[PDB]
């Protein structure tokens, strides 16, 4: 077809395929993959805590998405919110869940088990310039 059409279709399909697989893995924890990614970020943050604004900056997601995500994590007992002297803090239940979910996701290679490491590395390398332009690799 047209190269741009072929490429965008491929990326769209790959995202749908993989999202289907990883969402199924985290569903038993009351998570979606997006909510899982927010928990992971908190486990790499000082005191398990970030301002909502910084969560969005680090995940490269819109503030309205952060709000919805954090609220649903609180609803599940996995995060607590407080005013910023809003700060989101991972709870001990949240830490237990993300450890378990990560183990489960690792065990199925995030849906890419049928690929080898070379092919996964190619995916990273080829999509990197698009991400650089979006700011993913700058503070």
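Residue numbers count along the first chain shown, from 1.
I'd like to know the size of any gap between residue 85 and residue 86, counted in deposited residues with no coordinates: none, 1 to 3, 4 to 9, or 10 or more.
4 to 9 residues lack coordinates between residue 85 and residue 86.
Look up the CA B-factors in the entry and say which stretch, 59 to 67 or 98 to 106, has the higher mean.
Here the higher of the two C-alpha B-factor means belongs to 59 to 67.
With respect to the recorded C-alpha B factors, which stretch has the higher mean value, 50 to 58 or 29 to 37?
According to the entry, 50 to 58 carries the higher average C-alpha B-factor.
Which third of the chain holds residue 8 when residues are ordered by C-alpha B factor: lowest, middle or highest?
Bottom third by C-alpha B-factor.
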